[PDB]
Amino acid sequence: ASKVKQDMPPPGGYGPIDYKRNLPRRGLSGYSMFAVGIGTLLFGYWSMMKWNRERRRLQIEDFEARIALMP
Amino acid sequence: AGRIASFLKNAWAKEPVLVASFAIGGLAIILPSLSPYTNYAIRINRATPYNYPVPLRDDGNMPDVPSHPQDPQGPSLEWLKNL
Ligand SMILES: CCCCCCCC/C=C\CCCCCCCC(=O)O[C@H](COC(=O)CCCCCCC/C=C/CCCCCCCC)COP(=O)(O)OCCN
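Residues numbered from 1 in each chain as written, not as in the entry; some residues may be left out. Chains lettered and ligands numbered in written order. Part of a larger assembly, values for the part shown. Heavy atoms only, no water. Residues with missing side-chain atoms left out of burial classes, pairs and counts.

Its PDB header attributes the entry to cryo-EM and lists the resolution as 2.6 Å.

Written as C-alpha cells, this is what we have:
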C-alpha cells in the first residue's frame, strides 16, 4: 500500500523569483566630474608653467656657454 | 537677457560639444589680451641669445654700453630668474 510519489513543489511553495529590471544609478553628478576635470587641468597648467620657465633659463645658460666658446 | 538664456539652455541640452567648443575658442581669443604675462613671454623670447652678440667699437662716449660682460651696464635678466 504505497502512497503516490511524484515530482511536486514543496509544501507551501517556492521562494519568490525576481524578474524586474535592476539597473542602479552608480555614479556621480555632472558638476562634480567637470569640477575634478578642470581642477586637474589647472594643476597641470601650473606645473608645466614652472617647468617651462626653468627650461627657458637652462636653454639661455646653454646658449651663453656656446657664445663664450664661439670666438 | 532672456532669449539668450533659453537659447543657451537648449544648446547645452542638445549640442554640448558645440557649446564647449565655442566657449573654449572664445576664451582662447579673449584671455591673451587681458593677461600681464604676454609681455613677459615676449621678453623671454627676446632674452634668448640665438646669435653671437657682436661687440661695438669703443668710440668714447657710450656710457651705457658695458666693457665687460660682468660690468653693471647693459640688459639684466634678474627679472627672469625670480619668475
Ligand atoms: C567666439 C569664438 C568662436 C570661434 C571659436 C570656435 C572654435 C571651433 C568651434 C566652431 C567649429 C564649427 C562649428 C560648426 C557650427 C555648427 C552649426 C550647425 O549646423 O549645428 C546644428 C545644430 O544647431 C547648432 O548650431 C547648435 C546650437 C547653437 C550652437 C552652439 C551654441 C552657441 C555658442 C554657445 C557657447 C557660447 C559661450 C558659452 C556661454 C557660457 C554660459 C554663460 C547641427 O545640428 P544637426 O546636424 O542638424 O543635427 C541633426 C541630428 N539631430
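Attention now goes to the overall build of chain A. Across its full length, chain A carries one helix and zero strands. For the C-alpha atoms alone, the extent of chain A along its principal axes is close to 125 × 30 × 10 Å. (Helix = DSSP H or I, 4+ residues; strand = E, 2+ residues; numbered from the N terminus.)

Turning next to the packing of aromatic side chains. On inspection of all chains with the given rule, the structure shows four aromatic pairs over all chains. Judged by centre distance (6.2 Å) and plane angle (50°), the rings of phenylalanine 34 of chain A and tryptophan 12 of chain B are tilted. In this pair, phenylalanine 34 of chain A is assigned in helix α1 (residues 30-69) and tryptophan 12 of chain B in helix α1 (residues 3-14), connecting two distinct chains. Here the aromatic cluster, defined as three or more aromatic residues joined through ring pairs, consists of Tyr37, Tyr40 and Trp79 of chain B. The ring of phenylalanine 7 of chain B has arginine 3 of chain B lying over it, and the distance from NZ or CZ to the ring centre is 5.7 Å. Directly above the ring of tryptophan 79 of chain B sits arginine 43 of chain B, whose terminal nitrogen or CZ lies 4.1 Å from the centroid. (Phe/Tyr/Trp six-rings, centres within 6.5 Å; stacked < 30°, edge-to-face > 60°. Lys NZ or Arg CZ within 6 Å of the ring centre and 35° of its normal.)

Per the UniProt record, "transmembrane region" (unreviewed entry) is annotated on residues 28-48 of chain A. Within the segment residues 28-48 of chain A, helix and strand shares are 90% and 0% respectively, and the terminal C-alpha atoms sit 29 Å apart. (UniProt positions renumbered as here; feature names shortened; annotations may be inferred.)

With that settled, consider the UniProt feature "transmembrane region" (unreviewed entry) in chain B. Under the UniProt annotation, "transmembrane region" (unreviewed entry) lies at residues 17-37 of chain B. Note that residues 17-37 of chain B is 71% helix and 0% strand, and that its end C-alpha atoms are spaced 30 Å apart.

A few words now on a nonpolar patch on the surface. Together, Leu27, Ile29, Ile30, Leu31 and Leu34 of chain B line one region of the surface with nonpolar side chains, adding up to about 540 Å² of accessible area. Within the secondary structure, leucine 27 of chain B is located in helix α2 (residues 16-30). (Patch = residues over 30% accessible without salt bridge, like charges linked within 9 Å, V, L, I, M, F, W, Y side chains within 5 Å. Areas by Shrake-Rupley, 256 points an atom, 1.4 Å probe, with all protein chains shown as cover. Salt bridge = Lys/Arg side-chain N within 4 Å of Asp/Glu carboxyl O.)

Residue and element names in this part refer to chain B. Around the ligand, a shell composed of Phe7, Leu8, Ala11, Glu15, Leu18, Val19, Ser21, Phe22, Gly25, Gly26 and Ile29 is seen. Starting from 1300 Å² of accessible surface for the ligand in isolation, the protein chains cover 37%. Partitioning the shell around the ligand into residue classes produces seven nonpolar, three polar and one charged. (Near = heavy atom within 4 Å. Nonpolar A, V, L, I, M, F, W, Y, C, P; charged D, E, K, R; others polar.)

So, about the pattern of salt bridges. Across all of its chains, the model carries two salt bridges over all chains by this definition. Here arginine 57 of chain A ties to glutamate 54 of chain A by a salt bridge, and the two come within 3.1 Å at their closest N and O atoms. Of this pair, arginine 57 of chain A and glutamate 54 of chain A both sit in helix α1, three residues apart, which is roughly one turn of that helix. Notably, a salt bridge pairs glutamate 78 of chain B with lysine 81 of chain B, separated by 3.4 Å at the nearest N-O pair. Of this pair, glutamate 78 of chain B and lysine 81 of chain B both sit in helix α4 (residues 78-81), separated by three residues, roughly a single helical turn.

This part covers unusual backbone geometry. Positive phi, normally seen in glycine, also occurs at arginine 26 of chain A, with a value near 55°. Position of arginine 26 of chain A relative to the elements: it lies in the segment before α1.

Residue-level contacts link eleven residues of chain A with 15 residues of chain B. Summed over the three residues of chain A that lose the most area to chain B, namely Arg53, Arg56 and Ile60 of chain A, the buried surface amounts to 42% of that side. Between chain A and chain B we count four residue pairs in polar contact in total. For the side of chain A that touches chain B, the class distribution of residues is six nonpolar, one polar and four charged. (Contact = heavy atoms within 4.5 Å. Buried area = accessible area lost by both parts, 1.4 Å probe. Polar contact = N/O pair within 3.5 Å; in protein donor to acceptor, adjacent residues only side chain to side chain.)

Checked against the element boundaries, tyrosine 52 of chain B lands in the loop between α3 (37-47) and α4. Residue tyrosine 52 of chain B is classed as partly exposed on the basis of its relative accessible area of 35%. Considering only alpha carbons, one finds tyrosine 52 of chain B and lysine 14 of chain B, 38 residues apart in sequence, at a separation of 58 Å. With residues up to four places along the chain from it excluded, the contact list for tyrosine 52 of chain B reads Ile67, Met70 and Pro71 of chain A. (Buried < 20%, exposed > 50% of the residue type's maximum accessible area, 1.4 Å probe, protein only.)

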